[PDB]
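*Asks:* Partial complex follows, first chain(s) only, in situ:
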Amino acid sequence: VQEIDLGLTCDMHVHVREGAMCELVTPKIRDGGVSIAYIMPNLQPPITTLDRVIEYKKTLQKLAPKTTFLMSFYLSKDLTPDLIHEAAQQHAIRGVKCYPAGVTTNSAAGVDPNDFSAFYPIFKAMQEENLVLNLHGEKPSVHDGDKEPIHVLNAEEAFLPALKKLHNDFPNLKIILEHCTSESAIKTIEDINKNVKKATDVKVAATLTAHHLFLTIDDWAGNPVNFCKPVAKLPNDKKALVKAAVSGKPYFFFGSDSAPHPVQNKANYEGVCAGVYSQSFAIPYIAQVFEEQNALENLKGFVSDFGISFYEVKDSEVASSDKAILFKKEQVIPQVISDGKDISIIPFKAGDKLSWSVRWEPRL
């Protein structure tokens, strides 16, 4: 069928930017089909204060008034358990995002996942205030010639033990294994969620991006535009990610990980910035996967329903109650997304065609 009403769409993994790069991307949340988003904190400096996250939401509300924004804090060595509480009652944040040290862009100020003990007073504060824990699951690279060599392939699988220890020590804490990329990570989410069903018994969930449903290792090997973290893994891994996405289970929903960089950052011969931009056509990308699997009925759950049930998004928090209408008009993906002065992005599947577009329609 065409003209599917998805309602209030949820993209609970969003990197927009600061600056003029932010003025170009923040409207594209509306134009990508997303109504409710989740802004990540990895900036320069990292968002670790109450004043910064309030003015960062103050700016995004001006650039996109109709978009509903949920902010986050950077898990760093400057956070305090009293800051977590003071930011919670003020309703200035919606969760915390953890970056391992030196695994992605702006993650140098991150943490060491081998010893999470220093950040247990912080996680105890989130469990009381009912916040969300975002986990970029990837152990740092270890050659070492002695212990299990960690690389970009087995980085997510090696993080799974740390995920089960964080779930065991904080059973009530809502934790998300963002951007699952392997099959071992999927079976772990299937394992922790043994017999939980309906919508809200899920305490540990996982978000699946738009590019990880398409990309394999053969794609970004010579194409730095597709290179992101965690890297796209084998087809056997992509097989599980597609099945888990069209699964219709409540512990899987949509987090795009749209990380826009200028094209001069990708066109490097080393030190290429990882990230894939898919914000301008966020929902259209997912509609093509759900049509290939003939599972267009689960598109409402994965994109809209499950992201609202986990974060418990309320009707009073929504900025503009406009529903997303997914109509089937073919569109071409431009070769470049430019702001007109100096910024240039290469969107995901730049040049390819899509089966779907998306407009907006108000609740009457």
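*Replies:* Perfect, thanks for sending it. Numbers count the residues shown, from 1 in each chain, chains lettered A, B, ... in the order given.
*Asks:* For the rest of this, base every contact and every neighbour count on C-alpha atoms.
*Replies:* OK.
*Asks:* Going along the chain, name the helices of the stretch 151-300 of chain A.
*Replies:* A:155-169, A:183-192, A:217-220, A:235-245, A:263-266, A:282-292, A:299-300 (DSSP state H, counting those that start in this stretch).
*Asks:* burial count for the residue lying closest to residue A:212 once chain neighbours are set aside?
*Replies:* Leaving aside its chain neighbours, residue A:212 sits nearest to residue A:232 (6.1 Å; criterion: C-alpha to C-alpha, 6 or more residues apart in numbering). Neighbour count for residue A:232, taken as other C-alpha atoms under 10 Å: 27.
*Asks:* Distance check, residue A:232 against residue A:157.
*Replies:* 13 Å (C-alpha to C-alpha, to the nearest Å).
*Asks:* related to what we said a few turns ago, with respect to residue A:52, which of the helices of the stretch 151-300 of chain A lies nearest?
*Replies:* Nearest of the helices of the stretch 151-300 of chain A to residue A:52, taken as C-alpha to C-alpha: helix A:263-266 at 26.3 Å.
*Asks:* For that closest one, which outside residues touch it?
*Replies:* For helix A:263-266, contacts defined as C-alpha atoms under 8 Å, 6 or more residues apart in numbering pick out A:224-225, A:272-274, A:343-346.
*Asks:* Nearest to residue A:70 among those residues?
*Replies:* After measuring the contacts of helix A:263-266 against residue A:70 - C-alpha to C-alpha - the closest member comes out as residue A:274, at 23.7 Å.
*Asks:* ok, that closest one touching residue A:229?
*Replies:* Yes - counting by C-alpha atoms under 8 Å, residue A:274 touches residue A:229, with 6.1 Å between them.
*Asks:* Give the intersection of the neighbour lists for the two.
*Replies:* What both residue A:274 and residue A:229 touch, as defined by C-alpha under 8 Å, 6+ apart, is the set residue A:104.
*Asks:* still on that earlier bit, now for the helices of the stretch 151-300 of chain A, which one comes closest to residue A:26?
*Replies:* helix A:282-292 (12.7 Å).
*Asks:* then add chain B to what we have above:
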Amino acid sequence: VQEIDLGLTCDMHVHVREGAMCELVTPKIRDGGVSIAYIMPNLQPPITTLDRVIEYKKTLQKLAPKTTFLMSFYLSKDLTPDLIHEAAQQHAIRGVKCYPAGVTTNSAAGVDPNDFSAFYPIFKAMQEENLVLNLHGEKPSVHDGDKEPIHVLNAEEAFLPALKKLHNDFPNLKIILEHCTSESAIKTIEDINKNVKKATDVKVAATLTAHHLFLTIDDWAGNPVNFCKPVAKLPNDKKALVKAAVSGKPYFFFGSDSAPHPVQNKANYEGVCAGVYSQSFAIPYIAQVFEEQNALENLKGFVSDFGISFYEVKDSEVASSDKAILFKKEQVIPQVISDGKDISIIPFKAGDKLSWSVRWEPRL
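*Replies:* Chain B goes in next, on the same frame as the chains above:
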């Protein structure tokens, strides 16, 4: 300083592409410490005609008079047994290199390896002319089908059945599995040469590069300058290559994969032409690995002896009797290698220190 006499070193994997690139990198074979070179024909257009390979060889002898060149043909449909016999009788080449379609750059005008049968007439003429069948071992990538999907990491392993068949069908045909990158490929070479004593009894050998002894998958992940085809693999695979290089076995000798590309070709955001440049410090790259493994008494055999005994290099064909002499003088790798006009190459491990350097000393 400590010194080593290597005699006539050998590098049976060299790419000297036409133009100003050729006039620049051709002398650098002698700068790396190599006296005998085997030129791979992935030109545009590829080398399939007799006048092409006679004109291309004299171009190299003019650029470097003291370097011995062993030429080759591109395995295409445009080859006939009459052309193979005539070229071999005129001492034009010493074998033909094959490229699976869509596995490297300038491979597109190549073959499909899971058939390999239409080229049996060519292999018959070579098996009678005692030429060398060099293979780029990688099955082209396919993701869907009833068979196991093929990607950049398993492509070398999936080709191994076709290698055994080409050795089983043509037992007395000298075959080389070029640029081994996986442990599975090394074990196959060891088992094919199980009963082998008296090295001259080797029919299937394998050339090992200088960069695949250092590089892993994390070294090129986000670093296009180290991106080559067959791609760098897991640390377990690297150990097997290192052990094989220092093993001192006859069926393992040196093939550099000196694929030179201008820096603008490597710093793309899509379609990064693969290949690492190691010509300028070919032997110093290898001597560092052999010193780091303490197996320096085998270095004379890996780079010099086992390539001569396999390719049957006689003293009459050698262009210069000057022996390559190592000497323990620490040096630095430049940032760029440039002809001075329009070309800028990024050498391997640009900006590192090596323990050795290469001079040359006449015979007796």
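*Asks:* once more on the contacts of helix A:263-266, this time with chain B?
*Replies:* Helix A:263-266 is contacted by residues A:224-225, A:272-274, A:343-346, B:268-269 when judged by C-alpha atoms under 8 Å, 6 or more residues apart in numbering or on different chains.
*Asks:* again, only using 6 Å
*Replies:* Identification of contacts with helix A:263-266 by C-alpha atoms under 6 Å, 6 or more residues apart in numbering or on different chains yields A:224, A:272-273, A:344-345, B:269.
*Asks:* same question, stretch A:286-298
*Replies:* With C-alpha under 6 Å, 6+ apart, stretch A:286-298 has contacts from residue A:248.
*Asks:* could you redo the last one with a cut-off of 10 Å?
*Replies:* A:1-2, A:4, A:6, A:209-211, A:213-214, A:242-243, A:245-249, A:254, A:256, A:299, A:302-305, A:326, A:328, A:354-358 (C-alpha atoms under 10 Å, 6 or more residues apart in numbering or on different chains).
*Asks:* Got a ChimeraX select line for the buried ones in those?
*Replies:* Selection command for ChimeraX covering only the buried members of these, criterion 16 or more other C-alpha atoms under 10 Å in any protein chain shown:
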select /A:4,6,209,210,211,213,214,242,245,246,247,248,249,254,256,299,302,303,304,305,326,328,354,356,357,358
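*Asks:* Name the residues of the stretch 51-200 of chain A found near chain B, please.
*Replies:* A:141, A:143, A:145, A:148-153 (C-alpha under 10 Å from any C-alpha of the partner chain).
*Asks:* Can I get the buried part of those as one ChimeraX selection?
*Replies:* To isolate the buried subset of these in ChimeraX, counting by 16+ other C-alpha under 10 Å, use the following:
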select /A:141,150,151,152,153
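*Asks:* Show the contacting residues for whichever residue of the stretch 101-250 of chain A sits closest to chain B.
*Replies:* For the stretch 101-250 of chain A and chain B, the shortest gap (C-alpha to the nearest C-alpha) falls at residue A:223, measuring 4.1 Å. Neighbouring residues of residue A:223 by C-alpha under 10 Å, 6+ apart: A:266-267, B:222, B:224, B:268-272.
*Asks:* And those, which is closest to residue B:109?
*Replies:* residue B:271 (17.5 Å).
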